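First to last, the protein sequences are chains f, e and W. All letters in the first sequence, in the order written, are residues 1 to 160, 172 to 301 by the entry's author numbering. All letters in the second sequence, in the order written, are residues 9 to 71, 82 to 139, 150 to 238, 256 to 364 by the entry's author numbering. Using the entry's author numbering, read the third sequence as starting at 1037 and increasing by one per residue. Even for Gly, the Cβ is constructed at its ideal location relative to N, Cα and C. Inspection log for the structure reproduced underneath, given as structure tokens.
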Amino acid sequence: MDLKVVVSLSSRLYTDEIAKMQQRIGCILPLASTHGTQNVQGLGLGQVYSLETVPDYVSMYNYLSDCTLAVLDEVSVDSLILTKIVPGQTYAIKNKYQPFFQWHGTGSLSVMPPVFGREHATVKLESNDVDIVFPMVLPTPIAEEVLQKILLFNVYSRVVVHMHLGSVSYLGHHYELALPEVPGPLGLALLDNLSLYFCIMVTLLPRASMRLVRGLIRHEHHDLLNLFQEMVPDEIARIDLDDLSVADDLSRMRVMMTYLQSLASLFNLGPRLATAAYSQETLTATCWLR
Amino acid sequence: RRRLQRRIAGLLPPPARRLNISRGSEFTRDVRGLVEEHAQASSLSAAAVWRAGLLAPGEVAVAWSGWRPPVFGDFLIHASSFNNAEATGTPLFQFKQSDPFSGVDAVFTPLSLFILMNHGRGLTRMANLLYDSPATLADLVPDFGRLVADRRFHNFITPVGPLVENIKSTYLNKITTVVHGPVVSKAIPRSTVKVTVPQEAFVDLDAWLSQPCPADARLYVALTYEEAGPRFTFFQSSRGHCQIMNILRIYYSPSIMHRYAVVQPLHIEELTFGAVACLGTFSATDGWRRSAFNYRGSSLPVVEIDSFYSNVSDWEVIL
Amino acid sequence: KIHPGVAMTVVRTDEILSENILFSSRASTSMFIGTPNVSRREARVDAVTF
């Protein structure tokens, strides 16, 4: 099978953009179509993430998941060669992301809208008077940490602590990420579906486990418990008055475990990449699309 | 160590990716060797089998190519639980019977699966024309009403994908369905097969919204629980599963408060508003050409998803 | 139907379907013709796309 997509530039290219883009070789880029040749419009997330001041991260996630994915290896004047990514094929993905994320052995990569500033992963192509941004790729635990930090900022907008939420921490380095104030009705719709799931959880949450955890905090202390600061919550006082029965606990768990699969799969936004055999000396890995 | 050179000669050549053709009317042997994909069914001669090359390991080669061989799950159903005038390309649904040692399964096509919903309360005209008695289908599920009443009907039915071949037996019908792979028929003229789903049961989700177009737009099934009897709708979309759950919640937003208003959820299990499952992908450009489906009397409108690629998943609950 | 104290200048635009005539001098632009190679894009399940 032959997966080569060449993108024709509508004008020439100055030498500084040539020098900048040849540094950006091997990164994951999105595409508009899956056809043979395309123009510079429709490449990158810059069409939906414009040169503006208010981002929208979840619509960027939608634009990432809806379109296909590719990798940029050969770049010259007037022309630059891309290699598509289709399910069923394996690829090599190099680690040319300037927030230098050390990759775990045989974990799973995840693409990402550029959270570390627009100017960080952007090539200004003034020759074709447009902009190409480069979507971030970083591992899945850091991905979920960034995503839940984004949504917790979106929900703690209306309350106030800021530096302890809008800045990720890694073994390699701690980073800061750009924060908007409103993600629009699509971010509110993600919070809508999250609160829908959450309120039906607290309808159907089991009561044997609360009766465990009351006596467990009053008996034991752990890193899994010291966040309560050795204080029982009030709903533990006004909930554990009831008796403990097996049948409705099983009937609660038989729907709780069904719902939590959907709640995980709602956080599957953005294409995922289950890679294999990452080497810390080549800065690449054998990957494929899950 | 020179035999290793012959081994690497026998192992090297990939499928031809590029080919500098010159003219079209010449029809060179090299472009034929690019475009010739080996067959799967041939006449029975050892020279004919050798040219067909079916003895090659895994994939076919005359003494890897981005192509997958399809698997063919086999089923057994009673002859009255199925109509032999079903289309070839129609998806099927297995209902797990309750006996420990079974042998004979229970498969429902959506036309047959409709009359498990209507009896107890156009398209329904044909569903009553083909499967005339609901009583011949109301018993393959033993306890339908209790299983709807506690809303654990979706985790009992796993989709098996589209149908291929129906050897019309007398009593115990044997059907072959593709659970996975390129859906293609096992016929001696190997004709193409197009998966059909009836039109009134199938609402588009693309044009329901009324620039990024991928090649693989998936097809989703969805069982939904209604107080007017549960429904099986189908969905075509070019989105991710993350998008499919949110846009399906927004699509089912009238029906959830419809069920909330008519039936209060007295227990804790009625709150599940059905689930979805990816039935697989197909071509996003040439998708869903309409067609007609005749029985001896009537004709329902029916879509035809052409050149389908079957891939079943589990159930993710709508809520 | 009584005039206000302030007038206006109605600007508008008009699209016109014209037939343009393209003229160029002989041997203006040398070019190079490549090799028209074919390729194999996608193996959809019943149909391949070249």
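Using a Cβ cut-off of 7 Å, pull out every chain e residue sitting near f/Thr68, in sequence order please. Residues of chain e passing the Cβ test: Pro259.
Just how far apart, CA to CA, sit e/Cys258 and e/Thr326? Taken atom to atom, the span from the alpha-carbon of e/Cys258 to that of e/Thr326 is near 14 Å.
Can you pull the chain W neighbours of f/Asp73, defined as C-beta to C-beta under 9 Å? Within chain W, no residue comes near f/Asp73; the closest Cβ sits about 17 Å away, beyond 9 Å.
So with Cβ pairs under 7 Å, would you call W/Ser1060 a contact of chain f? Not an interface residue.
Cβ atoms of e/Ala54 and e/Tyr340: under 7 Å apart, would you say? No, Cβ-Cβ distance for e/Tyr340 and e/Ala54 is not below 7 Å.
Does the Cβ of e/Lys214 have 16 or more other Cβ atoms within 10 Å, making it buried, or fewer, making it exposed? Only exposed fits e/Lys214, as fewer than 16 other CB atoms lie within 10 angstroms of its CB.
Which listed residue (e/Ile185, e/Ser283 and e/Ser130) has its alpha carbon closest to that of e/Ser116: Checking every option, the nearest Cα to that of e/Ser116 belongs to e/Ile185.
Around the Cβ of e/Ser328, are there at least 16 other Cβ atoms within 10 angstroms (buried) or fewer (exposed)? With 16 or more other CB atoms across the displayed protein chains lying within 10 angstroms of its CB, e/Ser328 is buried.
In three-state terms, what does DSSP make of e/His96? e/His96: strand per DSSP, three-state reduction.
Hey, is e/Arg25's beta-carbon within less than 7 Å of any beta-carbon in chain f? For e/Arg25, the answer is yes, since a Cβ of chain f falls inside 7 Å of its Cβ.
Expressed to the nearest angstrom, what Euclidean distance is found between the alpha-carbon atoms of e/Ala337 and e/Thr224? Looking at the backbone, the Cα of e/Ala337 and that of e/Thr224 are separated by about 10 Å.
Going by the DSSP bridge assignment, what does f/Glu74 pair with across the sheet? Here f/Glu74 is bridged, per DSSP, to f/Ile81.
Does the CB of f/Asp78 have a neighbour CB from chain W at under 7 Å? Under the Cβ distance rule, f/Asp78 does not count among the residues neighbouring chain W, no pair being separated by less than 7 Å.
For the candidate residues f/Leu227, f/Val133, f/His175 and f/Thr68, whose alpha-carbon lies nearest to that of f/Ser50? Measuring from the Cα of f/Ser50, the nearest candidate turns out to be f/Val133.
Spatial neighbours of e/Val39 within its chain, please: CB distance less than 6 Å, with the 5 preceding and 5 following residues excluded, ordered by chain position. If we look at e/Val39 and ignore the five residues flanking it on each side, its Cβ neighbours are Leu27 and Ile29.
Cβ neighbours of e/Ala273 in the same chain (closer than 8 Å, five flanking residues each side left out): The answer, listed in chain order, is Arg139.
Is the separation between the beta-carbon of e/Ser352 and that of W/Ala1063 shorter than 7 Å? The answer is no: Cβ separation not under 7 Å.
Establish whether the CB of e/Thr224 and some CB of chain A are separated by less than 7 Å. The structure shown contains no chain A; its protein chains are f, e and W.
is_contact[f/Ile211, chain e] using C-beta, thresh 7 Å: f/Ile211 counts as touching chain e.
Contact criterion: CB-CB distance below 7 Å. Does W/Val1081 meet it with respect to chain e? Closer than 7 Å: yes.
Neighbourhood of f/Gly46 by C-beta distance below 8 Å, restricted to the same chain and skipping five residues each side: Here the set comprises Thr122, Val130, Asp131, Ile132 and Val133.
Quick one: list the residues of chain f neighbouring e/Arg284, beta-carbon separation under 9 Å, in chain order. Residues of chain f passing the Cβ test: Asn62, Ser65 and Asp66.
Straight-line gap, f/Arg118 to f/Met21 (C-alpha atoms, nearest Å): Their backbone Cα atoms lie some 16 Å apart in a straight line.
What residues from chain W crowd round residue 3 of chain e, counting only those whose CB sits closer than 8 Å? Any question about residue 3 of chain e goes unanswered here, given that chain e covers just 9 to 364.
Classify f/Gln41 as buried or exposed, calling it buried when 16 or more other Cβ atoms lie within 10 Å of its own Cβ. Around the Cβ of f/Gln41, a 10 Å sphere holds fewer than 16 other Cβ atoms; the residue is exposed.
What is the rounded straight-line gap between the Cα of residue 162 of chain f and the Cα of e/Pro299? You won't find residue 162 of chain f in this model, because chain f goes from 160 right to 172.
Taking only beta-carbon atoms, is e/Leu324 less than 7 Å away from chain f? It does not; no Cβ of chain f falls within 7 Å.
Just how far apart, CA to CA, sit e/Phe126 and f/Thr297? Looking at the two C-alpha atoms, the distance is approximately 42 Å.
Determine contact between the stretch 80-90 of chain f and the stretch 178-190 of chain f, defined as no fewer than three beta-carbon pairs at a distance below 8 Å. In this structure the stretch 80-90 of chain f does not lie against the stretch 178-190 of chain f, because fewer than three pairs of beta carbons, one per stretch, are closer than 8 Å.
Taking 7 Å as the CB-CB limit, is f/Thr140 close to chain e? For f/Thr140, not one C-beta of chain e is nearer than 7 Å to its own C-beta.
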